[PDB]
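Enquirer: Provided below: data_11.txt, containing compact mmCIF, N, CA and C atoms.
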```txt
# COMPACT_ATOMS: atom_id res chain seq x y z
N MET A 1 -58.83 30.11 -45.89
CA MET A 1 -59.01 30.81 -44.61
C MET A 1 -60.13 31.84 -44.72
N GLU A 2 -61.15 31.69 -43.89
CA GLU A 2 -62.31 32.58 -43.91
C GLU A 2 -61.90 34.02 -43.61
N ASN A 3 -61.17 34.23 -42.52
CA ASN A 3 -60.71 35.57 -42.18
C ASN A 3 -59.49 35.93 -43.02
N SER A 4 -59.72 36.75 -44.03
CA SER A 4 -58.67 37.13 -44.97
C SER A 4 -57.63 38.03 -44.31
N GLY A 5 -56.39 37.58 -44.29
CA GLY A 5 -55.32 38.36 -43.70
C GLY A 5 -54.25 37.48 -43.08
N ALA A 6 -53.16 38.11 -42.65
CA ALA A 6 -52.05 37.40 -42.01
C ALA A 6 -51.40 36.41 -42.97
N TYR A 7 -51.38 36.77 -44.25
CA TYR A 7 -50.77 35.92 -45.27
C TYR A 7 -49.29 36.26 -45.41
N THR A 8 -48.83 37.14 -44.54
CA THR A 8 -47.50 37.70 -44.61
C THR A 8 -46.41 36.71 -44.19
N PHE A 9 -45.17 37.20 -44.24
CA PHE A 9 -43.98 36.40 -43.94
C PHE A 9 -44.05 35.80 -42.53
N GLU A 10 -44.80 36.46 -41.66
CA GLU A 10 -44.94 36.05 -40.27
C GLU A 10 -45.52 34.64 -40.15
N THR A 11 -46.68 34.44 -40.77
CA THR A 11 -47.43 33.20 -40.61
C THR A 11 -46.76 32.04 -41.34
N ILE A 12 -46.08 32.33 -42.44
CA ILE A 12 -45.40 31.30 -43.21
C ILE A 12 -44.34 30.61 -42.36
N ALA A 13 -43.71 31.37 -41.47
CA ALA A 13 -42.72 30.83 -40.55
C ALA A 13 -43.37 29.89 -39.55
N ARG A 14 -44.62 30.18 -39.20
CA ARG A 14 -45.37 29.37 -38.26
C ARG A 14 -45.78 28.06 -38.91
N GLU A 15 -46.07 28.11 -40.20
CA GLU A 15 -46.61 26.97 -40.94
C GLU A 15 -45.72 25.74 -40.84
N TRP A 16 -44.45 25.89 -41.19
CA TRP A 16 -43.52 24.77 -41.08
C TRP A 16 -43.09 24.55 -39.63
N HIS A 17 -43.15 25.60 -38.82
CA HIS A 17 -42.76 25.51 -37.41
C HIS A 17 -43.71 24.62 -36.61
N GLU A 18 -45.00 24.61 -36.94
CA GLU A 18 -45.99 23.92 -36.11
C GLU A 18 -45.80 22.40 -36.15
N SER A 19 -44.96 21.92 -37.06
CA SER A 19 -44.62 20.50 -37.11
C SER A 19 -43.54 20.19 -36.08
N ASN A 20 -43.07 21.25 -35.42
CA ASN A 20 -42.01 21.19 -34.41
C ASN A 20 -40.70 20.70 -35.01
N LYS A 21 -39.88 21.65 -35.43
CA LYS A 21 -38.55 21.33 -35.94
C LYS A 21 -37.50 21.69 -34.89
N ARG A 22 -37.74 22.76 -34.16
CA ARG A 22 -36.80 23.22 -33.15
C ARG A 22 -37.57 23.71 -31.93
N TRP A 23 -36.85 23.95 -30.84
CA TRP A 23 -37.45 24.27 -29.55
C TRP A 23 -37.39 25.77 -29.25
N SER A 24 -37.77 26.12 -28.02
CA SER A 24 -37.69 27.49 -27.51
C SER A 24 -38.75 28.38 -28.17
N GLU A 25 -39.80 27.74 -28.67
CA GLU A 25 -40.88 28.45 -29.34
C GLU A 25 -41.70 29.29 -28.37
N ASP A 26 -41.71 28.86 -27.11
CA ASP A 26 -42.44 29.56 -26.05
C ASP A 26 -41.97 31.00 -25.92
N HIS A 27 -40.67 31.20 -26.04
CA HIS A 27 -40.06 32.51 -25.86
C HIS A 27 -40.31 33.40 -27.07
N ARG A 28 -40.46 32.77 -28.22
CA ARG A 28 -40.52 33.48 -29.50
C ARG A 28 -41.72 34.41 -29.59
N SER A 29 -42.76 34.14 -28.80
CA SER A 29 -43.96 34.96 -28.80
C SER A 29 -43.61 36.43 -28.53
N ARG A 30 -42.79 36.67 -27.51
CA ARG A 30 -42.36 38.02 -27.18
C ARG A 30 -41.18 38.44 -28.05
N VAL A 31 -40.24 37.51 -28.25
CA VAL A 31 -39.02 37.78 -29.02
C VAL A 31 -39.33 38.24 -30.44
N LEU A 32 -40.53 37.91 -30.92
CA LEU A 32 -40.96 38.26 -32.27
C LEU A 32 -40.74 39.75 -32.55
N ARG A 33 -41.06 40.59 -31.57
CA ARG A 33 -40.89 42.04 -31.72
C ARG A 33 -39.45 42.41 -32.04
N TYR A 34 -38.52 41.85 -31.26
CA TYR A 34 -37.10 42.11 -31.44
C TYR A 34 -36.61 41.51 -32.75
N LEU A 35 -37.15 40.35 -33.09
CA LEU A 35 -36.73 39.63 -34.28
C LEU A 35 -37.13 40.39 -35.54
N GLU A 36 -38.43 40.66 -35.70
CA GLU A 36 -38.95 41.31 -36.91
C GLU A 36 -38.22 42.62 -37.20
N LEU A 37 -37.92 43.37 -36.15
CA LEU A 37 -37.28 44.67 -36.29
C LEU A 37 -35.86 44.54 -36.84
N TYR A 38 -35.15 43.52 -36.39
CA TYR A 38 -33.74 43.37 -36.73
C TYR A 38 -33.52 42.48 -37.95
N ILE A 39 -34.48 41.62 -38.25
CA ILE A 39 -34.35 40.77 -39.43
C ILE A 39 -34.79 41.53 -40.68
N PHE A 40 -35.73 42.46 -40.52
CA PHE A 40 -36.15 43.30 -41.63
C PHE A 40 -35.94 44.77 -41.27
N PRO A 41 -34.68 45.24 -41.21
CA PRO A 41 -34.36 46.61 -40.82
C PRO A 41 -34.52 47.59 -41.97
N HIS A 42 -33.83 47.31 -43.07
CA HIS A 42 -33.84 48.19 -44.23
C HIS A 42 -34.76 47.63 -45.30
N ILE A 43 -35.33 46.46 -45.02
CA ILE A 43 -36.16 45.75 -45.99
C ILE A 43 -37.56 45.51 -45.44
N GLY A 44 -37.90 46.18 -44.35
CA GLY A 44 -39.19 45.98 -43.73
C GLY A 44 -40.30 46.73 -44.45
N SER A 45 -39.99 47.25 -45.62
CA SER A 45 -40.94 48.03 -46.40
C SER A 45 -41.43 47.25 -47.61
N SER A 46 -41.11 45.97 -47.67
CA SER A 46 -41.48 45.14 -48.81
C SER A 46 -42.43 44.02 -48.39
N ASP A 47 -43.19 43.51 -49.35
CA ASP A 47 -44.13 42.42 -49.11
C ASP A 47 -43.43 41.07 -49.30
N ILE A 48 -44.03 40.02 -48.75
CA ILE A 48 -43.46 38.67 -48.82
C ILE A 48 -43.38 38.18 -50.27
N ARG A 49 -44.26 38.69 -51.11
CA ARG A 49 -44.28 38.31 -52.51
C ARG A 49 -43.33 39.17 -53.33
N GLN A 50 -42.54 39.99 -52.65
CA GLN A 50 -41.54 40.81 -53.32
C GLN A 50 -40.27 40.89 -52.49
N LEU A 51 -39.55 39.78 -52.46
CA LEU A 51 -38.25 39.72 -51.83
C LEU A 51 -37.16 39.93 -52.87
N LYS A 52 -35.96 40.27 -52.42
CA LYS A 52 -34.87 40.58 -53.33
C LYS A 52 -33.66 39.69 -53.06
N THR A 53 -32.63 39.84 -53.88
CA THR A 53 -31.42 39.03 -53.76
C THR A 53 -30.60 39.46 -52.53
N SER A 54 -29.35 39.03 -52.47
CA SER A 54 -28.51 39.21 -51.28
C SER A 54 -28.09 40.67 -51.05
N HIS A 55 -28.77 41.61 -51.71
CA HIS A 55 -28.49 43.03 -51.51
C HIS A 55 -29.05 43.44 -50.16
N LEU A 56 -30.10 42.75 -49.75
CA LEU A 56 -30.76 42.99 -48.47
C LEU A 56 -29.90 42.52 -47.30
N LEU A 57 -28.87 41.74 -47.60
CA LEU A 57 -27.98 41.20 -46.57
C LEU A 57 -27.07 42.29 -46.00
N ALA A 58 -26.95 43.40 -46.72
CA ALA A 58 -26.06 44.50 -46.33
C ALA A 58 -26.31 44.99 -44.89
N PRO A 59 -27.56 45.36 -44.52
CA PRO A 59 -27.86 45.80 -43.15
C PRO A 59 -27.63 44.70 -42.11
N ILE A 60 -27.78 43.45 -42.52
CA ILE A 60 -27.55 42.32 -41.64
C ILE A 60 -26.05 42.18 -41.37
N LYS A 61 -25.26 42.69 -42.29
CA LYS A 61 -23.81 42.66 -42.17
C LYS A 61 -23.35 43.61 -41.06
N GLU A 62 -24.18 44.60 -40.78
CA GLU A 62 -23.88 45.58 -39.74
C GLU A 62 -23.68 44.90 -38.39
N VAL A 63 -24.60 44.01 -38.02
CA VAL A 63 -24.50 43.29 -36.75
C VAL A 63 -23.37 42.26 -36.81
N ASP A 64 -23.11 41.77 -38.02
CA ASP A 64 -21.98 40.88 -38.28
C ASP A 64 -20.67 41.55 -37.85
N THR A 65 -20.56 42.83 -38.18
CA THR A 65 -19.36 43.61 -37.91
C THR A 65 -19.14 43.80 -36.40
N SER A 66 -20.22 43.73 -35.62
CA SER A 66 -20.14 43.97 -34.18
C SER A 66 -19.46 42.81 -33.46
N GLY A 67 -19.13 41.75 -34.19
CA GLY A 67 -18.50 40.59 -33.59
C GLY A 67 -19.52 39.53 -33.23
N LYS A 68 -20.78 39.86 -33.45
CA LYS A 68 -21.88 38.95 -33.18
C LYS A 68 -22.30 38.28 -34.48
N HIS A 69 -21.35 38.20 -35.40
CA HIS A 69 -21.59 37.76 -36.77
C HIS A 69 -22.35 36.42 -36.87
N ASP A 70 -22.26 35.60 -35.83
CA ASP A 70 -22.91 34.29 -35.85
C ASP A 70 -24.43 34.44 -35.89
N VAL A 71 -24.94 35.51 -35.28
CA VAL A 71 -26.39 35.74 -35.22
C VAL A 71 -26.94 36.01 -36.62
N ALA A 72 -26.14 36.65 -37.47
CA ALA A 72 -26.55 36.96 -38.83
C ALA A 72 -26.94 35.69 -39.58
N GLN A 73 -26.15 34.64 -39.38
CA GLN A 73 -26.42 33.34 -39.97
C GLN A 73 -27.72 32.77 -39.42
N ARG A 74 -27.90 32.88 -38.12
CA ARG A 74 -29.13 32.41 -37.47
C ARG A 74 -30.34 33.16 -38.02
N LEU A 75 -30.15 34.43 -38.35
CA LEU A 75 -31.21 35.26 -38.89
C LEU A 75 -31.53 34.90 -40.33
N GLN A 76 -30.49 34.84 -41.17
CA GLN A 76 -30.66 34.60 -42.60
C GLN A 76 -31.37 33.28 -42.88
N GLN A 77 -31.05 32.27 -42.08
CA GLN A 77 -31.62 30.93 -42.26
C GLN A 77 -33.15 30.96 -42.31
N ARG A 78 -33.76 31.94 -41.65
CA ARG A 78 -35.21 32.07 -41.68
C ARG A 78 -35.70 32.38 -43.09
N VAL A 79 -35.15 33.43 -43.69
CA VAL A 79 -35.61 33.87 -45.00
C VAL A 79 -35.21 32.87 -46.09
N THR A 80 -34.04 32.27 -45.93
CA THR A 80 -33.57 31.27 -46.88
C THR A 80 -34.48 30.04 -46.88
N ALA A 81 -34.83 29.57 -45.68
CA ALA A 81 -35.68 28.39 -45.55
C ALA A 81 -37.10 28.68 -46.01
N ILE A 82 -37.67 29.78 -45.52
CA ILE A 82 -39.04 30.15 -45.86
C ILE A 82 -39.20 30.37 -47.36
N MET A 83 -38.22 31.01 -47.97
CA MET A 83 -38.27 31.28 -49.40
C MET A 83 -38.33 29.99 -50.21
N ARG A 84 -37.75 28.92 -49.67
CA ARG A 84 -37.79 27.63 -50.33
C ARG A 84 -39.21 27.07 -50.31
N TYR A 85 -39.91 27.25 -49.19
CA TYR A 85 -41.32 26.87 -49.11
C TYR A 85 -42.15 27.78 -50.01
N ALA A 86 -41.73 29.03 -50.10
CA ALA A 86 -42.39 30.01 -50.95
C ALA A 86 -42.32 29.60 -52.42
N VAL A 87 -41.18 29.06 -52.83
CA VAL A 87 -41.01 28.57 -54.19
C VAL A 87 -41.75 27.25 -54.38
N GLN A 88 -41.79 26.44 -53.33
CA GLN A 88 -42.47 25.16 -53.38
C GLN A 88 -43.99 25.37 -53.43
N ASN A 89 -44.45 26.47 -52.86
CA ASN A 89 -45.86 26.85 -52.97
C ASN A 89 -46.08 27.71 -54.20
N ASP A 90 -44.98 28.06 -54.87
CA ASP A 90 -45.01 28.74 -56.16
C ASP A 90 -45.78 30.06 -56.13
N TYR A 91 -45.77 30.75 -54.99
CA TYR A 91 -46.49 32.02 -54.91
C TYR A 91 -45.54 33.21 -55.11
N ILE A 92 -44.26 32.92 -55.27
CA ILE A 92 -43.30 33.95 -55.64
C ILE A 92 -42.73 33.67 -57.03
N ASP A 93 -42.88 32.41 -57.46
CA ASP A 93 -42.49 31.96 -58.81
C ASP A 93 -40.97 31.90 -58.98
N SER A 94 -40.30 33.02 -58.76
CA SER A 94 -38.85 33.10 -58.94
C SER A 94 -38.14 32.83 -57.61
N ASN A 95 -36.81 32.84 -57.64
CA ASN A 95 -36.01 32.58 -56.47
C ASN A 95 -35.04 33.74 -56.23
N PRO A 96 -35.49 34.78 -55.51
CA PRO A 96 -34.69 35.98 -55.22
C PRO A 96 -33.36 35.65 -54.53
N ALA A 97 -33.43 34.90 -53.44
CA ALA A 97 -32.23 34.49 -52.72
C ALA A 97 -31.86 33.06 -53.07
N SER A 98 -31.13 32.92 -54.17
CA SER A 98 -30.72 31.62 -54.65
C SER A 98 -29.54 31.10 -53.83
N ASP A 99 -28.81 32.01 -53.21
CA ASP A 99 -27.67 31.66 -52.39
C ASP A 99 -27.85 32.22 -50.98
N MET A 100 -27.83 33.55 -50.89
CA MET A 100 -28.02 34.27 -49.63
C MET A 100 -26.97 33.86 -48.59
N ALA A 101 -25.82 34.53 -48.64
CA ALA A 101 -24.73 34.30 -47.69
C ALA A 101 -24.25 32.85 -47.72
N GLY A 102 -24.06 32.34 -48.93
CA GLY A 102 -23.52 31.01 -49.09
C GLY A 102 -22.05 30.96 -48.77
N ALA A 103 -21.67 29.98 -47.95
CA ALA A 103 -20.28 29.78 -47.53
C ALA A 103 -19.80 30.93 -46.66
N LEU A 104 -19.83 30.72 -45.35
CA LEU A 104 -19.45 31.77 -44.41
C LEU A 104 -17.93 31.84 -44.30
N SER A 105 -17.31 30.73 -43.91
CA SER A 105 -15.88 30.68 -43.73
C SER A 105 -15.36 29.27 -43.96
N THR A 106 -15.63 28.38 -43.02
CA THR A 106 -15.12 27.02 -43.09
C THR A 106 -16.15 26.07 -43.68
N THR A 107 -15.95 25.73 -44.94
CA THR A 107 -16.83 24.81 -45.64
C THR A 107 -16.55 23.37 -45.25
N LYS A 108 -17.60 22.59 -45.08
CA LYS A 108 -17.47 21.19 -44.72
C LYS A 108 -17.50 20.33 -45.97
N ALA A 109 -17.62 19.03 -45.79
CA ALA A 109 -17.59 18.11 -46.91
C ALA A 109 -18.99 17.67 -47.31
N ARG A 110 -19.83 17.40 -46.31
CA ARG A 110 -21.17 16.86 -46.53
C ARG A 110 -21.08 15.57 -47.35
N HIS A 111 -20.64 14.52 -46.69
CA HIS A 111 -20.45 13.23 -47.34
C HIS A 111 -21.76 12.44 -47.29
N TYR A 112 -22.38 12.27 -48.45
CA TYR A 112 -23.70 11.65 -48.55
C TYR A 112 -24.74 12.50 -47.81
N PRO A 113 -25.26 13.53 -48.48
CA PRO A 113 -26.25 14.43 -47.89
C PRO A 113 -27.62 13.78 -47.76
N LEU A 114 -28.40 14.28 -46.83
CA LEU A 114 -29.74 13.78 -46.58
C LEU A 114 -30.75 14.87 -46.91
N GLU A 115 -30.24 16.09 -47.04
CA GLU A 115 -31.06 17.28 -47.23
C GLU A 115 -31.61 17.40 -48.66
N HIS A 116 -32.08 16.29 -49.21
CA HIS A 116 -32.69 16.30 -50.54
C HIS A 116 -34.07 15.64 -50.53
N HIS A 117 -34.45 15.05 -49.40
CA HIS A 117 -35.77 14.45 -49.28
C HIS A 117 -36.29 14.60 -47.85
N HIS A 118 -37.44 15.23 -47.72
CA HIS A 118 -38.04 15.50 -46.42
C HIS A 118 -39.55 15.60 -46.55
N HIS A 119 -40.27 14.73 -45.85
CA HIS A 119 -41.72 14.78 -45.85
C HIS A 119 -42.28 13.99 -44.66
N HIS A 120 -42.79 14.73 -43.69
CA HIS A 120 -43.39 14.15 -42.50
C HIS A 120 -43.96 15.26 -41.64
N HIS A 121 -45.23 15.16 -41.31
CA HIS A 121 -45.88 16.19 -40.51
C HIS A 121 -46.17 15.66 -39.11
```
Turn this file's structure into structure tokens for me.
Expert:
Amino acid sequence: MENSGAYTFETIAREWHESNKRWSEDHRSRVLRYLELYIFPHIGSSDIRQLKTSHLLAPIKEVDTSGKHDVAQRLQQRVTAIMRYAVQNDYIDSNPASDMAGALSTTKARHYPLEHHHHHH
């Protein structure tokens, strides 16, 4: 990229998103403000190349306590997914969130998983 910058956590989310995995992206342009603030509340002082383990989940637990606990899962999935691409691009080397809120309540069976091979742009 000629214009050096925007290498942050923001653009990495766009990278896999532009292949279109989910909808409602039109709204996200504005929602980004609300999202960034609440997804990185106590951890918004760190760089993408310096993420930590599930200790950062503590402030996210706050909204969980409000009874809106389902949103926390929707939030965490971003950092969990992106961090996997981060490891696949090997620019973080290690895996800070190896679990990150693994097993919420009701565990399923997952009989013959498919989530082990994915490649299509």
Enquirer: Just to confirm, what's the straight-line distance from atom CA of residue A:42 to atom C of residue A:58 in Å (one decimal)?
Expert: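 Computing the Euclidean distance for atom CA of residue A:42 and atom C of residue A:58 yields 8.2 Å.
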Enquirer: Given the choices A:100, A:79, A:114, A:109, which gets closest to residue A:53 if the distance is worked out from only N, CA and C atoms?
Expert: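 So, comparing all the options, the nearest one is A:100.
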Enquirer: Find the residue from A:97, A:37, A:72, A:12 that sits nearest to residue A:51; use only N, CA and C atoms when measuring.
Expert: A:97
Enquirer: Closest to residue A:8 among A:52, A:39, A:47, A:106, using only N, CA and C atoms?
Expert: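 When distances to residue A:8 are compared using only N, CA and C atoms, the smallest one comes from A:47.
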Enquirer: Quick one: residues within 8 Å of residue A:121, only N, CA and C atoms counted, chain neighbours fewer than 3 positions away excluded, as a list in words?
Expert: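 The residues that qualify are residues 18, 19, 20 and 118 of chain A.
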Enquirer: Write out as a list in words each polymer residue whose atoms come within 10 Å of residue A:10, counting only C-alpha atoms; drop sequence neighbours fewer than 3 positions from it.
Expert: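 So the residues in contact are residues 6, 7, 13, 14, 15, 32, 36 and 48 of chain A.
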Enquirer: Any chance you can output those residues with N, CA and C atoms as a JSON list (two decimals), keeping the file's coordinate frame?
Expert:
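Result went into again.json, see below:
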```json
[["chain", "number", "residue", "atom", "x", "y", "z"],
["A", 6, "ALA", "N", -53.16, 38.11, -42.65],
["A", 6, "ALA", "CA", -52.05, 37.40, -42.01],
["A", 6, "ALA", "C", -51.40, 36.41, -42.97],
["A", 7, "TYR", "N", -51.38, 36.77, -44.25],
["A", 7, "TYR", "CA", -50.77, 35.92, -45.27],
["A", 7, "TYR", "C", -49.29, 36.26, -45.41],
["A", 13, "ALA", "N", -43.71, 31.37, -41.47],
["A", 13, "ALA", "CA", -42.72, 30.83, -40.55],
["A", 13, "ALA", "C", -43.37, 29.89, -39.55],
["A", 14, "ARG", "N", -44.62, 30.18, -39.20],
["A", 14, "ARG", "CA", -45.37, 29.37, -38.26],
["A", 14, "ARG", "C", -45.78, 28.06, -38.91],
["A", 15, "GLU", "N", -46.07, 28.11, -40.20],
["A", 15, "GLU", "CA", -46.61, 26.97, -40.94],
["A", 15, "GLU", "C", -45.72, 25.74, -40.84],
["A", 32, "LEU", "N", -40.53, 37.91, -30.92],
["A", 32, "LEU", "CA", -40.96, 38.26, -32.27],
["A", 32, "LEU", "C", -40.74, 39.75, -32.55],
["A", 36, "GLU", "N", -38.43, 40.66, -35.70],
["A", 36, "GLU", "CA", -38.95, 41.31, -36.91],
["A", 36, "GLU", "C", -38.22, 42.62, -37.20],
["A", 48, "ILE", "N", -44.03, 40.02, -48.75],
["A", 48, "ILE", "CA", -43.46, 38.67, -48.82],
["A", 48, "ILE", "C", -43.38, 38.18, -50.27]]
```
Enquirer: One decimal, Å: what's the distance from atom CA of residue A:61 over to atom C of residue A:33, could you say?
Expert: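 According to the coordinates, atom CA of residue A:61 and atom C of residue A:33 are separated by 18.6 Å.
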Enquirer: With distances taken over all atoms listed in the file, which of A:80, A:44, A:108, A:49 is nearest to residue A:92?
Expert: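 When distances to residue A:92 are compared using all atoms listed in the file, the smallest one comes from A:49.
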Enquirer: When distances are computed from only C-alpha atoms, which of A:24, A:34, A:95, A:29 shows the smallest separation from residue A:54?
Expert: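 Using only C-alpha atoms, residue A:54 sits closest to A:95.
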Enquirer: Using Å and a single decimal, report how far atom C of residue A:98 sits from atom CA of residue A:65.
Expert: 22.7 Å
Enquirer: Given 4 Å of margin on each side, can you work out the centre and size in Å (one decimal) of an axis-aligned box holding every listed atom of stretch 76-95 of chain A, as lines of an AutoDock Vina configuration file?
Expert:
```
center_x = -38.5
center_y = 30.0
center_z = -50.1
size_x = 24.0
size_y = 17.7
size_z = 25.8
```
Enquirer: Could you add whatever atoms are missing so that stretch 51-62 of chain A carries N, CA, C and O atoms, then write the result as a compact mmCIF listing (two decimals), keeping the file's coordinate frame?
Expert:
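The resulting file, rebuild21.txt, is shown below:
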```
# COMPACT_ATOMS: atom_id res chain seq x y z
N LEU A 51 -39.55 39.78 -52.46
CA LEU A 51 -38.25 39.72 -51.83
C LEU A 51 -37.16 39.93 -52.87
O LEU A 51 -37.42 39.80 -54.07
N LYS A 52 -35.96 40.27 -52.42
CA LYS A 52 -34.87 40.58 -53.33
C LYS A 52 -33.66 39.69 -53.06
O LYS A 52 -33.69 38.87 -52.15
N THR A 53 -32.63 39.84 -53.88
CA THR A 53 -31.42 39.03 -53.76
C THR A 53 -30.60 39.46 -52.53
O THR A 53 -31.09 40.19 -51.68
N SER A 54 -29.35 39.03 -52.47
CA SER A 54 -28.51 39.21 -51.28
C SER A 54 -28.09 40.67 -51.05
O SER A 54 -27.19 40.95 -50.26
N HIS A 55 -28.77 41.61 -51.71
CA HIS A 55 -28.49 43.03 -51.51
C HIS A 55 -29.05 43.44 -50.16
O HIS A 55 -28.54 44.35 -49.50
N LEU A 56 -30.10 42.75 -49.75
CA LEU A 56 -30.76 42.99 -48.47
C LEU A 56 -29.90 42.52 -47.30
O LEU A 56 -30.18 42.85 -46.15
N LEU A 57 -28.87 41.74 -47.60
CA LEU A 57 -27.98 41.20 -46.57
C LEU A 57 -27.07 42.29 -46.00
O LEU A 57 -26.51 42.13 -44.92
N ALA A 58 -26.95 43.40 -46.72
CA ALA A 58 -26.06 44.50 -46.33
C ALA A 58 -26.31 44.99 -44.89
O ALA A 58 -25.37 45.07 -44.11
N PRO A 59 -27.56 45.36 -44.52
CA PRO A 59 -27.86 45.80 -43.15
C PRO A 59 -27.63 44.70 -42.11
O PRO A 59 -27.31 44.98 -40.95
N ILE A 60 -27.78 43.45 -42.52
CA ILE A 60 -27.55 42.32 -41.64
C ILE A 60 -26.05 42.18 -41.37
O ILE A 60 -25.63 41.66 -40.33
N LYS A 61 -25.26 42.69 -42.29
CA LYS A 61 -23.81 42.66 -42.17
C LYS A 61 -23.35 43.61 -41.06
O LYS A 61 -22.28 43.44 -40.48
N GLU A 62 -24.18 44.60 -40.78
CA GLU A 62 -23.88 45.58 -39.74
C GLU A 62 -23.68 44.90 -38.39
O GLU A 62 -22.69 45.16 -37.70
```
